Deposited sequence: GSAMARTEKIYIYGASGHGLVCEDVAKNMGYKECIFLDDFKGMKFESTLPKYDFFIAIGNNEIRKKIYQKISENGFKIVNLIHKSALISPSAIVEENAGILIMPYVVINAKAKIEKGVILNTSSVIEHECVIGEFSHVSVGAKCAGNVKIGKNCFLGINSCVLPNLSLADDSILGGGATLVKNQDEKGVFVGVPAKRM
């Protein structure tokens, strides 16, 4: 049962707006804490490795690491969002039927996760990024602003998809995949 207050470990303020939107009445920023009263906890760190290590430590200190899910995000009843798993879901995100979102994932504003996708733990899906149906995003991946991945593709663990970039082919090996930069005329 969500507490009335939340510990939140730029991004802080943004996670705070999401927490207020959910109906948290007060947010406490942190930057031995096991002696504090056990309010719900959230880790507002954009970086995949720090999010993970802090997640593991806060968990070991006896806190519940909740999910922050903006009220305007739409999640299919048959989708699976791992419960109390530090998952950030921003405004206007849409997650379709039977998709699965794992622990520590960030789904930023307007991203879309089509039917039957799996978004692996601690991945980062940026603003406007889109994953078509049955896409598998490995753990610790980053999908850039306004990027997208075509249907039925897999992106291996620790990969990076650039701003504006469109993934068209399976990748079972780690990699860095770029789009086109705007050009001065």
No C-alpha positions exist for deposited residues 1-4, 14-16, 39-44
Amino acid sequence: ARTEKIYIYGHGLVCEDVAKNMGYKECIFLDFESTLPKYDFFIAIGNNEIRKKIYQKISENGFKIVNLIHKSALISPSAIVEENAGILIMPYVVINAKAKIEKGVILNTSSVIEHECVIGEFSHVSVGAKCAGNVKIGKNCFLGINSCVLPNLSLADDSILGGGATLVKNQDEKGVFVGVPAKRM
From here on, numbers count along this sequence of modelled residues.
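Rigid core (definition): largest C-alpha set, two forms, superposition within 1.5 Å.
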Stretch with greater C-alpha deviation in 7 other deposited structures of this protein, 34-42 versus 53-61 (rigid core superposition): 34-42
Between the two ranges 52-60 and 140-148, the one averaging a larger CA B factor in the entry: 52-60
Pick out which of 126, 67, 34, 123 has the highest C-alpha B-factor in the PDB entry. 34
Please say which third, lowest, middle or highest, residue 6 falls into when its CA temperature factor is compared across its chain. lowest
In terms of its chain's C-alpha B-factors, the third that includes residue 43 is the middle
Taking the chain's C-alpha temperature factors as the reference, tell me which third residue 132 falls into: lowest, middle or highest. lowest
Chain third (lowest, middle, highest) by recorded CA B-factor, residue given as residue 160: middle
Would you mind checking where the Cα B-factor of residue 30 ranks among the modelled residues of its chain, as the lowest, middle or highest third? highest
